[PDB]
Amino acid sequence: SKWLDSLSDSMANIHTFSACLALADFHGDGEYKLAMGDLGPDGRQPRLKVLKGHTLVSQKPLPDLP
Amino acid sequence: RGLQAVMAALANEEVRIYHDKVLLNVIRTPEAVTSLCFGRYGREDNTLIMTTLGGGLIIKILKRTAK
Amino acid sequence: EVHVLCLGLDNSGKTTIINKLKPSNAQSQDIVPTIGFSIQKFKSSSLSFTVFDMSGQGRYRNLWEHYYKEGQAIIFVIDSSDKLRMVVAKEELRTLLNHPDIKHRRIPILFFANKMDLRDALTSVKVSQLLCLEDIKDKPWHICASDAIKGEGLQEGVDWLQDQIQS
Amino acid sequence: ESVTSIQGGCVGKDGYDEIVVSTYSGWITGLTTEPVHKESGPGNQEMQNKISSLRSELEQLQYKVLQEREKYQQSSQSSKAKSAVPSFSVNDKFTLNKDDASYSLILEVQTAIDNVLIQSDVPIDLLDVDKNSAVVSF
Ligand SMILES: Nc1nc2c(ncn2[C@@H]2O[C@H](COP(=O)(O)OP(=O)(O)OP(=O)(O)O)[C@@H](O)[C@H]2O)c(=O)[nH]1
């Protein structure tokens with residue numbers, strides 16, 4: 001049991017891939033966010049969503065699929 | 001710990017961390033997982049965030065005490 | 001004249017919560033992330049406690065063992081506005097309790113839900129639920145929310161701490 | 001009830017912005033951004049304080065109003081005396097819904113109501129409102 005579980009959710013419709021999802025510092029102060037270009041629930045609506053903590057803070061539409 | 005190991009998000013509802021040849025820290029998920037990320041998310045040097053093929057999010061924090 | 005150990009993760013508010021407990025004059029001004037260790041004193045109503053300010057950074061957490069012996073109480077600050085590391089705080093509490101020293105000594109323990117001001121924070125009952133304050137039954141604990149800038153909430157905390165260390 | 005005035009700022013425990021809302025009956029309520037259960041343990045006390053205060057007040061008021069009810073009932077038998085009536089306010093609003101063809105009458109009283117008669121002189125349909133919790137008795 002080496003992997004301490006933190007959060008398990010199922011309503012977050014996050015259909016990203018292993019390459020369009022990256023975490024880094026985005027406002028300094030040593031608080032890393034995670035930015036992901038998420039597709040539509042099917043792949044119709046490209047939406048950029050960033051995650052801080054485990055609550056969604058900003059999702060905004062994107063021209064085309066990242 | 002200088003551990004730089006490749007992961008694997010298998011379709012049988014599990015994820016197994018792979019070093020050169022050995023398996024370790026294999027985990028389970030309620031559904032097969034399509035994307036995994038390991039880094040300093042939040043404020044922990046050992047965060048791993050994983051997204052289910054059906055949606056949802058699973059965030060796991062690795063303890064530092066690894067006839 | 002009692003030795004107390006203040007505990008908290010990285011950037012959880014330890015230096016600023018022991019700083020706001022110092023008197024008016026001797027109170028410092030600037031707070032910086034700490035390194036290694038230090039010594040600090042603060043006067044309660046009827047007693048005077050001493051803490052060892054120590055960095056809550058990951059690789060600088062083992063040192064917490066050194067001071068387990070002299071401790072008579074445990075102050076445990078937790079960023080109530082930090083929903084991610086809550087499980088890390090739970091595990092740190094668990095691995096601090098079951099230590100051979102503190103597993104049975106029956107010492108009072110006060111948890112500080114720091115940053116009560118932020119709008120991304122939890123109430124005391126919620127953080128108590130998510131922190132498993134029930135898995136302990138050998139020590140009388142107490143969790144209190146307190147923003148460590150306006151100085152509100154620390155007084156009643158140390159008051160309960162002393163009124164429990166006496167009785 | 002019916003809100004009659006709204007303001008921002010802070011009135012309690014400075015350092016947390018809140019909304020002050022004046023209620024029709026007079027209950028000047030606030031909506032704060034600060035948690036309420038800020039402390040707990042193995043087992044708040046302000047609930048107990050407010051409970052005790054309301055206890056004492058209701059005891060003494062019951063004493064006074066019971067004695068006054070006795071005096072009023074025993075003095076009601078006085079022949080020449082007259083029994084005056086407590087006046088009160090009913091903020092009614094006989095508007096006309098445009099999306100439908102149905103007026104929506106709305107009575108309000110500072111206290112709570114016991115029963116409302118609806119007598120008419122016109123063939124009228126009294127429909128049902130989900131928000132209403134009253135019973136009907138045609
Ligand atoms: N808004 C707000 N910020 C706070 C509060 N308490 C602390 N902070 C901020 O976050 C920090 C809290 O103190 P910390 O620096 O975490 O205390 P510390 O002992 O140095 O913590 P470590 O560096 O992990 O050892 C300070 O730098 C303040 O900027 C609080 O109650 N409210």
# chains A, B, ... in the order shown; residues from 1 in each chain; ligands from 1
>>> select_by_dssp(residues="region 29-135 of chain C", states="strand (DSSP E or B)", output="list in words")
residues 40, 41, 42, 43, 48, 49, 50, 51, 73, 74, 75, 76, 77, 78, 79, 109, 110, 111, 112, 113 and 114 of chain C
>>> write_last_selection(atoms="N, CA and C atoms", output="PDB file, in the first residue's frame")
ATOM      1  N   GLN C  40      11.881  29.084  19.803  1.00  0.00           N
ATOM      2  CA  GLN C  40      10.927  30.172  19.952  1.00  0.00           C
ATOM      3  C   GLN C  40      10.181  30.001  21.265  1.00  0.00           C
ATOM      4  N   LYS C  41       9.788  31.126  21.859  1.00  0.00           N
ATOM      5  CA  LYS C  41       9.055  31.137  23.116  1.00  0.00           C
ATOM      6  C   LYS C  41       7.792  31.969  22.956  1.00  0.00           C
ATOM      7  N   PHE C  42       6.750  31.606  23.702  1.00  0.00           N
ATOM      8  CA  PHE C  42       5.537  32.411  23.703  1.00  0.00           C
ATOM      9  C   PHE C  42       4.778  32.182  25.002  1.00  0.00           C
ATOM     10  N   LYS C  43       4.239  33.263  25.553  1.00  0.00           N
ATOM     11  CA  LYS C  43       3.568  33.233  26.843  1.00  0.00           C
ATOM     12  C   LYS C  43       2.068  33.042  26.660  1.00  0.00           C
ATOM     13  N   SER C  48       4.038  29.567  30.085  1.00  0.00           N
ATOM     14  CA  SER C  48       4.864  29.978  28.959  1.00  0.00           C
ATOM     15  C   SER C  48       5.401  28.736  28.265  1.00  0.00           C
ATOM     16  N   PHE C  49       5.100  28.602  26.977  1.00  0.00           N
ATOM     17  CA  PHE C  49       5.512  27.447  26.199  1.00  0.00           C
ATOM     18  C   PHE C  49       6.660  27.814  25.269  1.00  0.00           C
ATOM     19  N   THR C  50       7.335  26.780  24.776  1.00  0.00           N
ATOM     20  CA  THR C  50       8.433  26.932  23.835  1.00  0.00           C
ATOM     21  C   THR C  50       8.261  25.946  22.689  1.00  0.00           C
ATOM     22  N   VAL C  51       8.492  26.428  21.468  1.00  0.00           N
ATOM     23  CA  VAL C  51       8.356  25.628  20.260  1.00  0.00           C
ATOM     24  C   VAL C  51       9.678  25.641  19.508  1.00  0.00           C
ATOM     25  N   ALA C  73       2.916  18.727  24.593  1.00  0.00           N
ATOM     26  CA  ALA C  73       1.701  18.907  23.815  1.00  0.00           C
ATOM     27  C   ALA C  73       2.085  19.047  22.350  1.00  0.00           C
ATOM     28  N   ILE C  74       1.105  18.845  21.476  1.00  0.00           N
ATOM     29  CA  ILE C  74       1.318  18.890  20.034  1.00  0.00           C
ATOM     30  C   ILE C  74       0.384  19.931  19.440  1.00  0.00           C
ATOM     31  N   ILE C  75       0.961  20.970  18.847  1.00  0.00           N
ATOM     32  CA  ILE C  75       0.222  21.926  18.033  1.00  0.00           C
ATOM     33  C   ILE C  75       0.348  21.484  16.586  1.00  0.00           C
ATOM     34  N   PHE C  76      -0.784  21.331  15.908  1.00  0.00           N
ATOM     35  CA  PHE C  76      -0.812  20.806  14.545  1.00  0.00           C
ATOM     36  C   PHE C  76      -1.596  21.773  13.666  1.00  0.00           C
ATOM     37  N   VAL C  77      -0.894  22.690  13.018  1.00  0.00           N
ATOM     38  CA  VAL C  77      -1.545  23.611  12.098  1.00  0.00           C
ATOM     39  C   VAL C  77      -1.814  22.891  10.785  1.00  0.00           C
ATOM     40  N   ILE C  78      -2.934  23.229  10.155  1.00  0.00           N
ATOM     41  CA  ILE C  78      -3.320  22.658   8.872  1.00  0.00           C
ATOM     42  C   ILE C  78      -3.996  23.748   8.055  1.00  0.00           C
ATOM     43  N   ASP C  79      -3.583  23.889   6.800  1.00  0.00           N
ATOM     44  CA  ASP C  79      -4.166  24.902   5.934  1.00  0.00           C
ATOM     45  C   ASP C  79      -5.572  24.472   5.548  1.00  0.00           C
ATOM     46  N   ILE C 109      -3.443  17.709  22.469  1.00  0.00           N
ATOM     47  CA  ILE C 109      -3.094  18.028  21.090  1.00  0.00           C
ATOM     48  C   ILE C 109      -4.132  18.986  20.518  1.00  0.00           C
ATOM     49  N   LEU C 110      -3.653  20.100  19.973  1.00  0.00           N
ATOM     50  CA  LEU C 110      -4.495  21.154  19.429  1.00  0.00           C
ATOM     51  C   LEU C 110      -4.190  21.315  17.949  1.00  0.00           C
ATOM     52  N   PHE C 111      -5.214  21.152  17.119  1.00  0.00           N
ATOM     53  CA  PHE C 111      -5.110  21.311  15.677  1.00  0.00           C
ATOM     54  C   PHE C 111      -5.562  22.712  15.300  1.00  0.00           C
ATOM     55  N   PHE C 112      -4.810  23.351  14.413  1.00  0.00           N
ATOM     56  CA  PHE C 112      -5.079  24.719  13.995  1.00  0.00           C
ATOM     57  C   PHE C 112      -5.474  24.715  12.526  1.00  0.00           C
ATOM     58  N   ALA C 113      -6.762  24.915  12.262  1.00  0.00           N
ATOM     59  CA  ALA C 113      -7.257  25.131  10.906  1.00  0.00           C
ATOM     60  C   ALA C 113      -6.892  26.558  10.530  1.00  0.00           C
ATOM     61  N   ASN C 114      -5.682  26.722  10.007  1.00  0.00           N
ATOM     62  CA  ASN C 114      -5.187  28.042   9.668  1.00  0.00           C
ATOM     63  C   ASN C 114      -5.892  28.569   8.422  1.00  0.00           C
TER      64      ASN C 114
END
>>> residues_near_ligand(ligand="ligand 1", cutoff="10 Å", atoms="only C-alpha atoms and all ligand atoms", output="ChimeraX atom specification")
/A:29 /C:6-20,30-37,52-58,60,77-81,113-119,145-153
>>> write_last_selection(atoms="N, CA and C atoms", output="compact mmCIF listing (two decimals), in the first residue's frame")
# COMPACT_ATOMS: atom_id res chain seq x y z
N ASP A 29 4.90 31.82 -6.71
CA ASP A 29 4.60 31.47 -5.32
C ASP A 29 4.51 29.97 -5.07
N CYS C 6 5.11 22.36 17.92
CA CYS C 6 4.19 22.79 16.88
C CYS C 6 4.52 22.05 15.59
N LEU C 7 3.50 21.50 14.96
CA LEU C 7 3.66 20.69 13.76
C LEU C 7 2.81 21.26 12.63
N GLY C 8 3.30 21.08 11.40
CA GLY C 8 2.59 21.54 10.23
C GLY C 8 3.36 21.26 8.96
N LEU C 9 2.65 21.09 7.85
CA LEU C 9 3.28 20.79 6.58
C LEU C 9 3.97 22.04 6.03
N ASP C 10 4.52 21.91 4.83
CA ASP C 10 5.13 23.06 4.16
C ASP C 10 4.09 24.14 3.90
N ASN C 11 4.49 25.39 4.15
CA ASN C 11 3.65 26.56 3.89
C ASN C 11 2.27 26.44 4.52
N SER C 12 2.19 25.78 5.67
CA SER C 12 0.93 25.64 6.38
C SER C 12 0.71 26.73 7.42
N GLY C 13 1.72 27.53 7.73
CA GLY C 13 1.53 28.66 8.61
C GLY C 13 2.09 28.49 10.01
N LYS C 14 3.24 27.83 10.15
CA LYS C 14 3.78 27.61 11.49
C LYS C 14 4.49 28.84 12.02
N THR C 15 5.42 29.40 11.24
CA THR C 15 6.16 30.58 11.70
C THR C 15 5.22 31.73 12.02
N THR C 16 4.22 31.96 11.17
CA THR C 16 3.30 33.07 11.39
C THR C 16 2.31 32.79 12.52
N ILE C 17 2.09 31.52 12.87
CA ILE C 17 1.15 31.25 13.95
C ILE C 17 1.86 31.29 15.30
N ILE C 18 3.16 30.97 15.34
CA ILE C 18 3.90 31.20 16.57
C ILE C 18 4.35 32.64 16.69
N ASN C 19 4.42 33.37 15.57
CA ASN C 19 4.81 34.77 15.62
C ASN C 19 3.70 35.63 16.21
N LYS C 20 2.47 35.42 15.77
CA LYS C 20 1.34 36.18 16.28
C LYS C 20 1.04 35.88 17.74
N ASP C 30 8.68 40.27 9.73
CA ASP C 30 8.68 39.54 8.47
C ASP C 30 8.75 38.04 8.72
N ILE C 31 8.05 37.29 7.88
CA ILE C 31 8.00 35.83 7.96
C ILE C 31 8.55 35.26 6.67
N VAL C 32 9.52 34.36 6.79
CA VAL C 32 10.19 33.75 5.64
C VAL C 32 10.16 32.24 5.83
N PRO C 33 10.06 31.44 4.77
CA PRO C 33 10.23 29.99 4.92
C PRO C 33 11.51 29.65 5.66
N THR C 34 11.38 28.78 6.66
CA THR C 34 12.48 28.48 7.57
C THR C 34 13.35 27.35 7.03
N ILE C 35 14.52 27.19 7.64
CA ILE C 35 15.50 26.19 7.24
C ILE C 35 16.13 25.59 8.48
N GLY C 36 16.14 24.26 8.55
CA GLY C 36 16.84 23.52 9.59
C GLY C 36 16.12 23.39 10.91
N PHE C 37 16.14 24.44 11.73
CA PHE C 37 15.53 24.43 13.05
C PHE C 37 15.70 25.82 13.66
N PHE C 52 9.83 24.66 18.63
CA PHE C 52 11.00 24.54 17.76
C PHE C 52 10.52 24.67 16.32
N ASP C 53 10.53 25.90 15.81
CA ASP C 53 10.12 26.17 14.44
C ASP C 53 11.01 25.37 13.49
N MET C 54 10.38 24.55 12.66
CA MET C 54 11.10 23.67 11.75
C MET C 54 10.36 23.58 10.42
N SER C 55 11.14 23.49 9.34
CA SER C 55 10.58 23.55 8.00
C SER C 55 9.75 22.31 7.70
N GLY C 56 8.52 22.53 7.23
CA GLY C 56 7.63 21.46 6.82
C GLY C 56 7.85 20.93 5.43
N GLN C 57 8.97 21.29 4.80
CA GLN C 57 9.27 20.80 3.46
C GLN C 57 9.49 19.29 3.49
N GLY C 58 9.14 18.64 2.38
CA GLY C 58 9.15 17.19 2.28
C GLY C 58 10.41 16.52 2.79
N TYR C 60 12.68 17.63 4.45
CA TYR C 60 13.05 18.17 5.76
C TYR C 60 11.99 17.85 6.81
N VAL C 77 -0.89 22.69 13.02
CA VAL C 77 -1.54 23.61 12.10
C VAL C 77 -1.81 22.89 10.79
N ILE C 78 -2.93 23.23 10.16
CA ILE C 78 -3.32 22.66 8.87
C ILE C 78 -4.00 23.75 8.06
N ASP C 79 -3.58 23.89 6.80
CA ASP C 79 -4.17 24.90 5.93
C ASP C 79 -5.57 24.47 5.55
N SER C 80 -6.57 24.95 6.29
CA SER C 80 -7.96 24.59 6.01
C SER C 80 -8.39 25.00 4.61
N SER C 81 -7.64 25.87 3.94
CA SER C 81 -7.89 26.23 2.56
C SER C 81 -6.98 25.47 1.59
N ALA C 113 -6.76 24.92 12.26
CA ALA C 113 -7.26 25.13 10.91
C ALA C 113 -6.89 26.56 10.53
N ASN C 114 -5.68 26.72 10.01
CA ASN C 114 -5.19 28.04 9.67
C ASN C 114 -5.89 28.57 8.42
N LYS C 115 -5.73 29.87 8.19
CA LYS C 115 -6.31 30.54 7.02
C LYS C 115 -7.83 30.38 6.99
N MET C 116 -8.47 30.74 8.10
CA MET C 116 -9.93 30.80 8.16
C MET C 116 -10.49 31.91 7.28
N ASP C 117 -9.64 32.82 6.80
CA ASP C 117 -10.11 33.97 6.03
C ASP C 117 -10.44 33.60 4.59
N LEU C 118 -9.62 32.75 3.97
CA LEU C 118 -9.77 32.46 2.55
C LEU C 118 -11.14 31.86 2.26
N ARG C 119 -11.69 32.22 1.10
CA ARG C 119 -12.99 31.72 0.66
C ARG C 119 -12.91 30.30 0.11
N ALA C 145 -10.39 26.71 14.24
CA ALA C 145 -10.05 27.50 13.06
C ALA C 145 -9.55 28.86 13.49
N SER C 146 -8.50 29.35 12.82
CA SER C 146 -7.88 30.61 13.23
C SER C 146 -7.05 31.16 12.08
N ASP C 147 -7.42 32.34 11.60
CA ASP C 147 -6.58 33.06 10.65
C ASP C 147 -5.36 33.63 11.37
N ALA C 148 -4.17 33.36 10.83
CA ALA C 148 -2.94 33.70 11.52
C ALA C 148 -2.36 35.04 11.09
N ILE C 149 -3.19 35.94 10.59
CA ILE C 149 -2.79 37.31 10.30
C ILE C 149 -3.52 38.30 11.21
N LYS C 150 -4.84 38.17 11.32
CA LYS C 150 -5.59 39.01 12.25
C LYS C 150 -5.48 38.54 13.69
N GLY C 151 -4.73 37.48 13.96
CA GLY C 151 -4.53 37.01 15.32
C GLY C 151 -5.74 36.44 16.01
N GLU C 152 -6.84 36.25 15.28
CA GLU C 152 -8.06 35.72 15.88
C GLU C 152 -8.03 34.20 15.90
N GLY C 153 -8.47 33.62 17.02
CA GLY C 153 -8.60 32.19 17.17
C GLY C 153 -7.46 31.52 17.93
>>> closest_atom_pairs(of="chain B", to="chain C", cutoff="12 Å", atoms="only C-alpha atoms", output="Markdown table")
| residue | atom | partner | partner_atom | distance |
| --- | --- | --- | --- | --- |
| B:1 | CA | C:59 | CA | 10.4 |
| B:40 | CA | C:58 | CA | 11.6 |
| B:41 | CA | C:84 | CA | 9.3 |
| B:42 | CA | C:84 | CA | 6.9 |
| B:43 | CA | C:85 | CA | 7.6 |
| B:44 | CA | C:85 | CA | 7.7 |
| B:45 | CA | C:58 | CA | 7.9 |
| B:46 | CA | C:58 | CA | 9.9 |
| B:47 | CA | C:84 | CA | 10.0 |
| B:49 | CA | C:84 | CA | 11.7 |
| B:58 | CA | C:84 | CA | 11.9 |
| B:59 | CA | C:84 | CA | 9.0 |
| B:60 | CA | C:87 | CA | 9.7 |
| B:61 | CA | C:88 | CA | 7.6 |
| B:62 | CA | C:88 | CA | 9.2 |
| B:63 | CA | C:88 | CA | 8.1 |
| B:64 | CA | C:58 | CA | 7.7 |
| B:65 | CA | C:62 | CA | 10.4 |
>>> interface_residues(of="chain A", to="chain B", cutoff="12 Å", atoms="only C-alpha atoms", output="VMD selection string")
chain A and resid 1 to 26 29 to 36 38 to 42 50 to 56
>>> residues_around(residues="residue 27 (chain D)", least_positions_apart="5", cutoff="12 Å", atoms="only C-alpha atoms", output="MDAnalysis selection string")
chainID D and resid 1:5 20:22 110:111
>>> residues_around(residues="residue 17 (chain D)", least_positions_apart="6", cutoff="9 Å", atoms="only C-alpha atoms", output="mmCIF file with N, CA and C atoms, in the first residue's frame")
data_model
loop_
_atom_site.group_PDB
_atom_site.id
_atom_site.type_symbol
_atom_site.label_atom_id
_atom_site.label_comp_id
_atom_site.auth_asym_id
_atom_site.auth_seq_id
_atom_site.Cartn_x
_atom_site.Cartn_y
_atom_site.Cartn_z
ATOM 1 N N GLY D 8 -24.453 45.733 1.263
ATOM 2 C CA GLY D 8 -23.227 44.976 1.362
ATOM 3 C C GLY D 8 -22.416 45.346 2.587
ATOM 4 N N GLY D 9 -21.118 45.056 2.522
ATOM 5 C CA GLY D 9 -20.203 45.432 3.584
ATOM 6 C C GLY D 9 -20.038 44.388 4.670
ATOM 7 N N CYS D 10 -19.926 44.837 5.920
ATOM 8 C CA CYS D 10 -19.794 43.935 7.056
ATOM 9 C C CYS D 10 -20.385 44.601 8.290
ATOM 10 N N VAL D 11 -21.041 43.803 9.131
ATOM 11 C CA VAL D 11 -21.653 44.312 10.354
ATOM 12 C C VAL D 11 -21.191 43.479 11.540
ATOM 13 N N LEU D 31 -25.943 37.549 5.820
ATOM 14 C CA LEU D 31 -25.382 36.397 5.124
ATOM 15 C C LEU D 31 -23.881 36.650 5.077
ATOM 16 N N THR D 32 -23.141 35.906 5.893
ATOM 17 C CA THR D 32 -21.714 36.124 6.047
ATOM 18 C C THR D 32 -20.913 35.128 5.217
ATOM 19 N N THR D 33 -19.664 35.489 4.946
ATOM 20 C CA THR D 33 -18.749 34.621 4.224
ATOM 21 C C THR D 33 -17.820 33.853 5.152
ATOM 22 N N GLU D 34 -18.067 33.900 6.465
ATOM 23 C CA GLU D 34 -17.234 33.260 7.475
ATOM 24 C C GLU D 34 -17.931 32.030 8.031
#
>>> closest_atom_pairs(of="chain C", to="chain D", cutoff="6 Å", atoms="only C-alpha atoms", output="tab-separated table")
residue	atom	partner	partner_atom	distance
C:123	CA	D:38	CA	5.7
C:124	CA	D:38	CA	4.9
C:142	CA	D:41	CA	4.6
C:143	CA	D:40	CA	5.6
C:144	CA	D:39	CA	4.1
C:145	CA	D:38	CA	4.9
>>> write_last_selection(atoms="N, CA, C and O atoms", output="mmCIF file, in the first residue's frame")
data_model
loop_
_atom_site.group_PDB
_atom_site.id
_atom_site.type_symbol
_atom_site.label_atom_id
_atom_site.label_comp_id
_atom_site.auth_asym_id
_atom_site.auth_seq_id
_atom_site.Cartn_x
_atom_site.Cartn_y
_atom_site.Cartn_z
ATOM 1 N N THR C 123 -14.813 24.367 6.972
ATOM 2 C CA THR C 123 -15.133 24.550 8.377
ATOM 3 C C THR C 123 -14.384 23.514 9.214
ATOM 4 O O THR C 123 -13.784 22.571 8.692
ATOM 5 N N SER C 124 -14.425 23.697 10.534
ATOM 6 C CA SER C 124 -13.705 22.782 11.412
ATOM 7 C C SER C 124 -14.322 21.390 11.387
ATOM 8 O O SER C 124 -13.602 20.386 11.432
ATOM 9 N N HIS C 142 -8.296 18.816 20.308
ATOM 10 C CA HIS C 142 -9.195 19.936 20.050
ATOM 11 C C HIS C 142 -8.741 20.645 18.788
ATOM 12 O O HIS C 142 -7.573 21.017 18.681
ATOM 13 N N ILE C 143 -9.652 20.833 17.838
ATOM 14 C CA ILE C 143 -9.348 21.517 16.587
ATOM 15 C C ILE C 143 -10.087 22.848 16.575
ATOM 16 O O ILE C 143 -11.262 22.915 16.954
ATOM 17 N N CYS C 144 -9.393 23.904 16.158
ATOM 18 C CA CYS C 144 -9.968 25.241 16.122
ATOM 19 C C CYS C 144 -9.487 25.966 14.876
ATOM 20 O O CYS C 144 -8.322 25.846 14.493
ATOM 21 N N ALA C 145 -10.389 26.710 14.241
ATOM 22 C CA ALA C 145 -10.049 27.496 13.062
ATOM 23 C C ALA C 145 -9.546 28.864 13.493
ATOM 24 O O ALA C 145 -10.097 29.471 14.417
#
>>> residues_around(residues="residue 166 (chain C)", least_positions_apart="2", cutoff="12 Å", atoms="only C-alpha atoms", output="PyMOL selection string")
chain C and resi 2+46-47+72-73+107-108+159-164
>>> write_last_selection(atoms="N, CA and C atoms", output="PDB file, in the first residue's frame")
ATOM      1  N   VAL C   2       6.797  25.011  29.873  1.00  0.00           N
ATOM      2  CA  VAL C   2       6.479  23.704  29.315  1.00  0.00           C
ATOM      3  C   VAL C   2       6.975  23.651  27.878  1.00  0.00           C
ATOM      4  N   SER C  46      -1.529  31.562  31.783  1.00  0.00           N
ATOM      5  CA  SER C  46      -0.982  31.092  33.048  1.00  0.00           C
ATOM      6  C   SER C  46       0.351  30.372  32.899  1.00  0.00           C
ATOM      7  N   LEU C  47       0.828  30.160  31.675  1.00  0.00           N
ATOM      8  CA  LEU C  47       2.064  29.422  31.463  1.00  0.00           C
ATOM      9  C   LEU C  47       2.797  30.009  30.267  1.00  0.00           C
ATOM     10  N   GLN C  72       5.423  17.977  25.471  1.00  0.00           N
ATOM     11  CA  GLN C  72       4.299  17.763  26.368  1.00  0.00           C
ATOM     12  C   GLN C  72       2.952  17.990  25.700  1.00  0.00           C
ATOM     13  N   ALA C  73       2.916  18.727  24.593  1.00  0.00           N
ATOM     14  CA  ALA C  73       1.701  18.907  23.815  1.00  0.00           C
ATOM     15  C   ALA C  73       2.085  19.047  22.350  1.00  0.00           C
ATOM     16  N   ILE C 107      -0.854  12.963  25.725  1.00  0.00           N
ATOM     17  CA  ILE C 107      -0.547  14.389  25.765  1.00  0.00           C
ATOM     18  C   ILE C 107      -1.650  15.149  25.039  1.00  0.00           C
ATOM     19  N   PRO C 108      -2.007  16.351  25.483  1.00  0.00           N
ATOM     20  CA  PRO C 108      -3.028  17.119  24.769  1.00  0.00           C
ATOM     21  C   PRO C 108      -2.517  17.569  23.413  1.00  0.00           C
ATOM     22  N   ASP C 159      -5.683  28.755  25.254  1.00  0.00           N
ATOM     23  CA  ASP C 159      -6.410  28.724  26.517  1.00  0.00           C
ATOM     24  C   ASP C 159      -6.896  27.316  26.830  1.00  0.00           C
ATOM     25  N   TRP C 160      -7.540  26.665  25.859  1.00  0.00           N
ATOM     26  CA  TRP C 160      -7.939  25.276  26.057  1.00  0.00           C
ATOM     27  C   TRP C 160      -6.723  24.389  26.282  1.00  0.00           C
ATOM     28  N   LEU C 161      -5.623  24.668  25.577  1.00  0.00           N
ATOM     29  CA  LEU C 161      -4.422  23.852  25.731  1.00  0.00           C
ATOM     30  C   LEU C 161      -3.894  23.912  27.160  1.00  0.00           C
ATOM     31  N   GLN C 162      -3.829  25.114  27.738  1.00  0.00           N
ATOM     32  CA  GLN C 162      -3.334  25.229  29.106  1.00  0.00           C
ATOM     33  C   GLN C 162      -4.343  24.679  30.110  1.00  0.00           C
ATOM     34  N   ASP C 163      -5.638  24.931  29.891  1.00  0.00           N
ATOM     35  CA  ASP C 163      -6.650  24.426  30.809  1.00  0.00           C
ATOM     36  C   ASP C 163      -6.761  22.910  30.758  1.00  0.00           C
ATOM     37  N   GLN C 164      -6.241  22.281  29.706  1.00  0.00           N
ATOM     38  CA  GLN C 164      -6.153  20.830  29.667  1.00  0.00           C
ATOM     39  C   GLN C 164      -4.819  20.302  30.170  1.00  0.00           C
TER      40      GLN C 164
END
>>> atom_distance(atom1="CA of residue 98 (chain C)", atom2="CA of residue 62 (chain C)")
14.9 Å
>>> atom_distance(atom1="CA of residue 61 (chain A)", atom2="CA of residue 49 (chain A)")
8.7 Å
>>> atom_distance(atom1="CA of residue 93 (chain C)", atom2="CA of residue 4 (chain C)")
15.9 Å
>>> decode(residues="region 45-54 of chain A", atoms="N, CA, C and O atoms", output="mmCIF file, in the first residue's frame")
data_model
loop_
_atom_site.group_PDB
_atom_site.id
_atom_site.type_symbol
_atom_site.label_atom_id
_atom_site.label_comp_id
_atom_site.auth_asym_id
_atom_site.auth_seq_id
_atom_site.Cartn_x
_atom_site.Cartn_y
_atom_site.Cartn_z
ATOM 1 N N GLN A 45 -16.283 19.787 -28.712
ATOM 2 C CA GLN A 45 -16.092 21.088 -28.076
ATOM 3 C C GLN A 45 -14.710 21.177 -27.441
ATOM 4 O O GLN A 45 -14.521 20.750 -26.291
ATOM 5 N N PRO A 46 -13.708 21.719 -28.141
ATOM 6 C CA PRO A 46 -12.395 21.927 -27.515
ATOM 7 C C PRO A 46 -12.438 22.987 -26.426
ATOM 8 O O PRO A 46 -12.824 24.132 -26.678
ATOM 9 N N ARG A 47 -12.041 22.615 -25.211
ATOM 10 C CA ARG A 47 -12.126 23.492 -24.047
ATOM 11 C C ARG A 47 -10.834 23.369 -23.252
ATOM 12 O O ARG A 47 -10.433 22.261 -22.882
ATOM 13 N N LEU A 48 -10.172 24.493 -22.999
ATOM 14 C CA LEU A 48 -8.986 24.478 -22.155
ATOM 15 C C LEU A 48 -9.401 24.626 -20.699
ATOM 16 O O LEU A 48 -10.063 25.601 -20.330
ATOM 17 N N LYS A 49 -9.016 23.657 -19.871
ATOM 18 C CA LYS A 49 -9.366 23.654 -18.460
ATOM 19 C C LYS A 49 -8.095 23.563 -17.632
ATOM 20 O O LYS A 49 -7.205 22.759 -17.931
ATOM 21 N N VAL A 50 -8.007 24.382 -16.589
ATOM 22 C CA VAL A 50 -6.884 24.306 -15.665
ATOM 23 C C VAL A 50 -7.414 23.927 -14.291
ATOM 24 O O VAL A 50 -8.549 24.262 -13.933
ATOM 25 N N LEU A 51 -6.597 23.203 -13.535
ATOM 26 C CA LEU A 51 -6.976 22.672 -12.235
ATOM 27 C C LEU A 51 -5.980 23.132 -11.182
ATOM 28 O O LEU A 51 -4.764 22.975 -11.355
ATOM 29 N N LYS A 52 -6.506 23.717 -10.110
ATOM 30 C CA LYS A 52 -5.756 24.046 -8.906
ATOM 31 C C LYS A 52 -6.451 23.374 -7.732
ATOM 32 O O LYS A 52 -7.679 23.448 -7.613
ATOM 33 N N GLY A 53 -5.675 22.723 -6.871
ATOM 34 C CA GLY A 53 -6.295 21.897 -5.849
ATOM 35 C C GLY A 53 -7.012 20.732 -6.499
ATOM 36 O O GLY A 53 -6.438 19.992 -7.305
ATOM 37 N N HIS A 54 -8.287 20.557 -6.157
ATOM 38 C CA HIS A 54 -9.118 19.600 -6.877
ATOM 39 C C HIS A 54 -10.481 20.192 -7.217
ATOM 40 O O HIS A 54 -11.455 19.459 -7.406
#
